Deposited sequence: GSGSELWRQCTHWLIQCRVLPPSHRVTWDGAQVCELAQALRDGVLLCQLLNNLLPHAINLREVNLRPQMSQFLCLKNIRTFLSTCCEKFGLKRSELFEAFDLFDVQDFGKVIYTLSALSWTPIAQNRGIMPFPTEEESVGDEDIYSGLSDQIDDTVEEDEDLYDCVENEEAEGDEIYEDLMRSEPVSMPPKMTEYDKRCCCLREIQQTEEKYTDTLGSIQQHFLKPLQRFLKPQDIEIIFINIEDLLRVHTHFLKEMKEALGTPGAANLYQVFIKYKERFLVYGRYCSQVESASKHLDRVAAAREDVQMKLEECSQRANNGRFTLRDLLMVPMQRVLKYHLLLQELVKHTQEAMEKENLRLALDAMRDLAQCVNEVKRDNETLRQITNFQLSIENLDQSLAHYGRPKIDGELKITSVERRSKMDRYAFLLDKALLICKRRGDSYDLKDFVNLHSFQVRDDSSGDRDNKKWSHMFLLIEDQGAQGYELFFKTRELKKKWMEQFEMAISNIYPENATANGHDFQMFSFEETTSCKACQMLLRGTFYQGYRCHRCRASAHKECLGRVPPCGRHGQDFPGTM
């Protein structure tokens, strides 16, 4: 007998889609909060996965589509497509992507979730459908833009979950006391998981790599396996040197093994950057060749008795390097001697930085996936989008010239170095104007609260050409103007031109270190800045601390 959207919320909490502590759950919550929570299609996609195992492959979901209408619509459509394919819903029971994204018909989205709650697939899973037996969605268009909600995704599967299962299934150690005894439990775990790790590396080389060489070209082996044989080397040595440190009573040398191997573990950059490319190539040679497909089964049978496939095993190196800081965090907790706790604290710092190095590669690999998708959907685009930096924001806007008065309804893609003025042809987008942001600057003019009256300007440094940018709400103007400020700030960062330097956004392809903080320029895409004059490379926040140019 409660309003239908409140029933939907309760069904969503039951499907483990919404955190029970979420504001949407609370008394007094407005229907707009449910629309904001479902808008980007992430929870909706998770909802189908919670009802049906592998209804949606995580690689098909954009897990954080913050400022991208493009990524949001892809998610909503995936959710919608899976609904008729795997849940057997009719097109009449389904809503159109904009009924949710631009809250054109929110009731329809609720009806669809009700149809979904009433499907057997869900009914059987123990979950109570809804309803058991007015007009509040009309003002939704006006309220849809409101606050980044980090906590909204608490019930969403991480990208690294699949890999963490395979890792823990393998590293599974056999199963109160004092701090020293607990400290010894940590040391034992560090060695036991490392031994299994080095053997797992060995298993990949011996039962997969070497036997597959008879089936695959050296080219295919390089793509699929990368530097697994080099990782085996580093670890075979790391294992020997770590055991020596654990061999001497007291293990007050252990931390130095970690430090020495921090630079040696840089070989992971190569592994992390090519791992997904490897997986897709492995998946294709396997799908095309029945002989390779059968050999992989035999390799899996002879190595672990069908427990792990090669595809699962190749996810293990990224997981191991993420665990080092966790195994050291627990050890340092149970280390109650001032110098030894501080020595291991330095090793922990070195392993946390390696965990950040991992995550930077992952982020940049996700950014490239986004860029290549933008590229395919954008027509009349001659330029390669990867030369223009990171995507900042994308969606509909209204535009005119500085002198002109009549506004044109356009679609825009903002990246660090460029603004792409488009007009969509259904799903594809026509590039009408490619604005290079190098010569432009943002100017806001206060002169309100009328749809599309919220405007700022894009003015050229030569005063040559201009643009008046109009947005539906004051919230959308705020969102867009902040991203333009962020973009322009990345083009001309603080201290870019200091001490004779000409620091510009640069995408390093070779392993470079910051000339100021000595730390790695982490990642594979626009990692930082370069001065063409003295060839100095730095982090955005480090430009001040760089010695002068010549």
item: Ranges missing from the model, given as deposited sequence positions; value: 1 to 2, 136 to 141, 156 to 157, 186 to 190, 463 to 465, 569 to 578
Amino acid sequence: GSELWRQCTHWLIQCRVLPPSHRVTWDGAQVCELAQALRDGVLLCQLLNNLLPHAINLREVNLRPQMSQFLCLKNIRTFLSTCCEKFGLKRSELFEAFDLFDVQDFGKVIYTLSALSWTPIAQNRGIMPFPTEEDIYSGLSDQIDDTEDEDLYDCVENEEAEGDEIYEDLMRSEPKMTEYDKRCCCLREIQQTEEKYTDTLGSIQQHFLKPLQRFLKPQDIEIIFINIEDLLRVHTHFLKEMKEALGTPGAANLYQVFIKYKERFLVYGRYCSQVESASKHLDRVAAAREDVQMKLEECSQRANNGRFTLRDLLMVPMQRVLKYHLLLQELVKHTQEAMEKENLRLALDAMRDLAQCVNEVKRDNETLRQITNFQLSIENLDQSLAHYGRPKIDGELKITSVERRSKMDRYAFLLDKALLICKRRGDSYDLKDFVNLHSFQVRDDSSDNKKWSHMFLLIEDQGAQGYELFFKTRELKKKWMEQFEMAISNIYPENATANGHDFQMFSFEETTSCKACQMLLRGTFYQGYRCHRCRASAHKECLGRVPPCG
From here on, numbers count along this sequence of modelled residues.
| query | finding |
| --- | --- |
| Between the two ranges 84 to 92 and 261 to 269, the one averaging a larger CA B factor in the entry | 84 to 92 |
| Average Cα temperature factor in the PDB entry - higher stretch of 119 to 127, 391 to 399 | 119 to 127 |
| Selection from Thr200, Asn380, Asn75, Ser114 [criterion: highest C-alpha temperature factor in the record] | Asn380 |
| Top residue by Cα temperature factor, when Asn373, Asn365, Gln104, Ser447 are compared in the entry | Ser447 |
| Where the record places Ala498 (Cα B-factor, split into thirds across the chain) | highest |
| Among modelled residues of the same chain, the CA temperature factor third for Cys8 | lowest |
| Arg352, C-alpha B-factor rank within chain (lowest, middle or highest third) | lowest |
| Ranked C-alpha temperature factor of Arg59 among modelled chain residues, by third | middle |
| Where the record places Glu134 (Cα B-factor, split into thirds across the chain) | highest |
